[PDB]
């Protein structure tokens, strides 16, 4: 009854949005093209023209739908995306490295971790999850009822998502993969009481031995190829009675746990990057990628050396919900011990086999060739900004995220000589079923500033005043976005609504200023985690980056991605420049006190 108190995703006035469309375009589009769009936009919102008609459409799709963007966005952003899920869609995660140093401690943690998730599922199933606030308003809790007991499925034209959460016989098992081979594992009793760590460990220690030796083909690596190939590949794969049951089990699992194998260690300066890679894609076809099932919503991956993290399917939800589970889980892995009562009678786990054929032999060999190419093209850099975090920005009466978003503009600008189309994920969870909207960090005050900075003709006194203007201009966008007052989503709405009506694709969308404004060189998001962890994901375009960070109190975890295919990008360099951009801004703010 909480999802009925929340307001529905509004529709910003056509004039209002189309206005912010112009304002935000100036700094990234020619003074020529902007003039064009200017005339085009006036024509669009003419009283009695196309725009006014389509606007009436969205203003109706709301009265006959909980959320007028739900289906469109999910379908548009993920389900129709025919590229692989790996690196392009499913965000990895790096968690605080555990201390165990042997094949029994590795299993020990897995158990402790598994018990934590179920302890969290309780609040979900029991619907006793605490109300999350995005300032002074309640947040949509839906996303929490989609991440567990679900999985994505390959469709020849569009993909589907199976959810076994609230079904007749809610699964009580999970998936475990060791040496490329899957195993089922129940964590509940015919009495309702969950399995304590002990049982789960003995169940995990039993699953453990059953797959001591590796030799089988990594069928699971089939979920990392193109979505048109896996669709056909998956289609054949389930033509066997056992096969189908095998995949059917994984798609019911409350989630998956991967016990990855050894990998030739590298230096420590490039360590963090070797793990992030091991958490996002798997590190080749001859390492750990086969110890996965990327279609599965939640995959918790525990390494050998002690490294650990995850990788989830984005369709389900955004990083927040996922990390508001990571925090609780890592918490459980640390807390004390209670009743370690004797091992009740526990059954043996079911080994999920995969009848390997010559038809599937090729798809398995064609997958390796693909994945191995996506990787040799991924360039990632992990930056731990110790200099400061939320502390400083806050002490300057300035918003931390805005301040961090102005530094990226400066850093980027300090590399290409121009501003670019920038994206910052903004959650609209203060609305029922809502997901996210766009916060464009590339603005008028943003460009003026990055230029007023490196301009040796502008005094440090006018510099700081240009910095502050930007930080708050961005904050206003942030505040306007999270309140359904942005424009990117509304914009995509008029476009899709236009298609539906069966009308001529508006010129506005066919506009140059459009192919640009949607081309994001900087794809970013913030995912605060009460735990010292970092999230990451490739770039949205070939010529750009992927940037996600965790703003703490005394520091910031930063991830930076890029493709080697594009010589115009280098993750380390952007990382190396952002670091200098934040330190620089601080030197300018501490030199000229606005007060005191």
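Positions refer to the first chain, counted from 1. In this text, rigid core is short for the largest set of C-alphas that superpose within 1.5 Å between two forms.
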- Comparing 90-98 with 346-354, larger root-mean-square C-alpha distance from this form in 4 other deposited structures of this protein, core superposed, belongs to 346-354
- Message: So, in 4 other deposited structures of this protein, taking the root mean square over structures and residues of the Cα distances after a rigid core fit: is 206-214 or 289-297 the more displaced stretch?
- Response: 206-214
- Task: Using only the Cα atoms and their B-factors as the entry lists them, report which of 83-91 and 374-382 averages higher.
- Result: 374-382
- Using only the Cα atoms and their B-factors as the entry lists them, report which of 541-549 and 59-67 averages higher. 59-67
- Note on the structure: The largest CA temperature factor among 477, 230, 133, 403 is found at 133
- Message: Maximum C-alpha temperature factor per the entry, among 416, 312, 201, 487, belongs to which one?
- Response: 201
- Note on the structure: Tertile call for residue 72 (CA temperature factor, within chain, third-based) is the lowest
- Task: Would you mind ranking residue 205 by its C-alpha B-factor against the rest of the chain and naming the third, lowest, middle or highest?
- Result: highest
- Task: Please rank the C-alpha B-factors of the chain's modelled residues and tell me whether residue 295 sits in the lowest, middle or highest third.
- Result: lowest
- Chain thirds of CA B-factor: placement of residue 448: lowest
- Third of the chain, ranked by Cα B-factor, where residue 29 sits: middle
